[PDB]
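Before any questions on how it binds or moves, here is one chain, the form deposited in one PDB entry, in structure tokens.
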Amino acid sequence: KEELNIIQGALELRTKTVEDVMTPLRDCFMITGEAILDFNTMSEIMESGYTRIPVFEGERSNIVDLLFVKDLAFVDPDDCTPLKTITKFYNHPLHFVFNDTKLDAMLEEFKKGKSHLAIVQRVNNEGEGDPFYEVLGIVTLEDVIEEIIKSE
């Protein structure tokens, strides 16, 4: 029964974390901040099928922006517009969440406000001196939904 599946998923939202359901960084389709939005680049982005694509600088873990596919709607590929022009214009908010965040809290946070994607990070204390934020992956509302409705 659908109803009991959902209810069990609902009960697990208290104890599961965003880290449990996230798309880890090595499974993310991302794009370098240096990119040029020529025809082939926009074509790869549309082929990927994702609504939103993290933008990184230098290393994949250094996520600095989010590119939405809808941000290419007025881009003429003939212009070879740098991606930077587009991320500076739209400036989509970039939200971060800790890996130990519980899915009930995450769901609450996605339900309030427009953003349904957060970058998952943890505090890396295993220095090497200074503690820093280590980016692990992304988590969206759909990751949480899937945990609620999936068969188990």
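All residue numbers are counted from 1 along the displayed sequence. So that the term is clear: the rigid core is the largest set of C-alpha atoms that superpose within 1.5 Å between two forms.
Form deposited in another entry: not shown, discussed below.
In the core-superposed comparison between the shown form and the other one, the C-alpha atom of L136 has shifted by less than 2 angstroms. Shown in the overlay between the shown form and the other one, fitted on the rigid core, is a CA shift at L13 of 2 Å or greater.
With the core held fixed, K114 shows a CA shift of 2 Å or greater between the shown form and the other one.
Shown here is a form in which the CA atoms of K114 and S61 lie at least 3 Å farther apart than they do in that other deposited form.
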